[PDB]
C-alpha cells in the first residue's frame, strides 16, 4: 500500500520512540523475540548471522528484535532489542499489522504463529521474506546478502 517499512516508529527498550527511517536504505531483519528466557540457541543463531554479515558488509544490515509475551501457555545478543510489543490481535503494534498483510504466512495465514518468526526488509522498505520460527536464520543468509548487493532506490 505504497507504505515503506521506514515510515514506521517503534519504541526501544527504554520506552523511547525510535524512528525507523534512521535505517532507510539498509537491509533489516525483524524478529519477535521471547519475553521469557530459555531460547538460548535461537539467540545464538541470530547473533551468529548478525556477526557474519556484519563482517562481510558492515553497517549494511541491522537486526531488530521485538520482545513479545504473547506465546506462553497457562543467550546474549548485540543487535538492537526494542520495546515490548504485541504482534497479534487488534492491539498489535501498527508495524506488525503492516508486516503481516504485506507478507502473509503459510497458506495466507497472517498471524505470527510462535516466537522468532522473521521478516526481511529490502533496502527499499518492502517485505521481501517471511520465515517460520522453525527456519534457521542461516537459511535466510543468502537472501540477506542478495538484498544487500541490491541498490536502494
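Numbering follows the first chain given and starts at 1.
According to the record, the deposited sequence contains 10 or more residues between residue 74 and residue 75 that were left without coordinates. Looking at mean Cα B-factors across 83 to 91 and 38 to 46, the upper value is held by 38 to 46. Mean C-alpha B-factor is higher over 52 to 60 than over the other stretch, the pair under comparison being 26 to 34 and 52 to 60. In the PDB entry, a CA B factor belonging to the highest third of its chain's modelled residues is recorded for residue 2. In the PDB entry, residue 139 places in the highest third of its chain by CA B-factor.
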